[PDB]
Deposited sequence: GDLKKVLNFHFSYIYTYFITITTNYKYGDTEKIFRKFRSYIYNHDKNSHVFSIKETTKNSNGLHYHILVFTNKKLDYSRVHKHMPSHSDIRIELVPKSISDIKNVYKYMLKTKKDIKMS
């Protein structure tokens, strides 16, 4: 669903960037942050797609996949993220196993919902 879209984009865009952002504070506006980040990526590449997760004690934890055909300027990722964030950026290799493991990792706090 999200995953079918993630697989489709992973294997149709040159670059799939997996960005993890952590802060040690919770103040700030994750809507505004993600929106303005998405707008930056949109201006970078109008065909790009962005998949984002906010994980919800002390700080924020965001995971972002950026699918794009133009290499990212990593310094701008930081400029469009909260001040003093801990940021890691990885290029996800074009393998099914790798993108699925990344997806699984991103959604790990979003599961464990069961109706019987």
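Colleague: Without any C-alpha position in the structure, which residue ranges of the deposited sequence would you list, numbering from 1?
Modeller: Sequence range with no C-alpha atoms is 57-59 alone.
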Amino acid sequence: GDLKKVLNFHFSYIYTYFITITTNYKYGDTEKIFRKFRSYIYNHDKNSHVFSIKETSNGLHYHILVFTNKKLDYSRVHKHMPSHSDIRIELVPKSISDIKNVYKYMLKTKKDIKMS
From here on, numbers count along this sequence of modelled residues.
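Colleague: Mean C-alpha B factor from the entry: is it higher for 106-114 or for 4-12?
Modeller: If you average the C-alpha B-factors of 106-114 and of 4-12, the larger mean comes out for 106-114.
Colleague: Mean CA temperature factor from the deposited coordinates, higher in 66-74 or in 33-41?
Modeller: Comparing 33-41 with 66-74, the higher mean C-alpha B-factor belongs to 33-41.
Colleague: Between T20, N101, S95, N24, where does the Cα B-factor run highest in the record?
Modeller: In the PDB entry, the greatest C-alpha B-factor among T20, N101, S95, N24 is found at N24.
Colleague: Among the modelled residues of its chain, does the C-alpha B-factor of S48 lie in the lowest, middle or highest third?
Modeller: Ranked within chain, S48 CA B lands in the lowest tercile.
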